[PDB]
């Protein structure tokens, strides 16, 4: 599928924290940056994610805030 979400950042899975109904996936997206994603365990299983998998961090623009020092 092609998605409206303005942010679709390729990266490699660095870690997966398995929980009860959710888990947290950490992706290395390059440039020294990592992104953490809290999603359903069903989705982690259905996408076959494991440490080392290639994936994307997907974020709708209305979910992104801006901060300054």
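Positions refer to the first chain, counted from 1.
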From 58, 47, 13, 24, which pick has the Cα B-factor that tops the rest in the entry?
47
Sort the modelled residues of this chain by their C-alpha B factor and say whether residue 62 lands in the lowest, middle or highest third.
middle
So where's residue 29 on the chain's Cα temperature factor ranking, which third?
lowest
Ranked by Cα temperature factor within the chain, is residue 41 in the lowest third, the middle third or the highest third?
lowest
